[PDB]
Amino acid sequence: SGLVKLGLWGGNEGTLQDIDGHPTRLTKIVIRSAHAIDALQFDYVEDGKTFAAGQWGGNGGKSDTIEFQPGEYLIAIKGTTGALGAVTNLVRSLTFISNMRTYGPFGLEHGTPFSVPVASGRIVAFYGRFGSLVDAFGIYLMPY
């Protein structure tokens, strides 16, 4: 693997979903959100071929697409976790900050904050726990 794997942020419900590969570049994120984060889908590169992970989560909210340009990469992720309805603890919001611009916040910023500023490294993939929504979230990082 040889990735640093951070997580999980969020609760214990839903079902664990994870990659089966060796990503070296994150190229695309499709995120569904509204009052919380509904679903995650992302594309990564491995040995020059592009693979799609997800979609993980439900079909609620509205969709937003992040297509990273060549030379663009994530330098930080922020979010919040907390209650919604009957769910004790899930991912309420996510913000993706690249070296060129900020994407988000997606969802609504309620609950306990978290933040992952990256001084040296590359974010290449994600994992989490998912049901009809994103119960929990985690990150794969590669040394730079």
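The first residue of the shown sequence is 1; numbering continues from there.
Among all modelled residues in its chain, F42 ranks in the middle third by Cα B-factor. For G111, the recorded CA temperature factor ranks within the lowest third of the chain's modelled residues.
Annotation for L16: C-alpha temperature factor in the highest third relative to the rest of the modelled chain, per the entry.
When the modelled residues of the chain are ordered by C-alpha B-factor, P117 sits in the lowest third. In this PDB entry, the Cα temperature factor of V30 sits in the bottom third of its chain's modelled residues, the lowest group.
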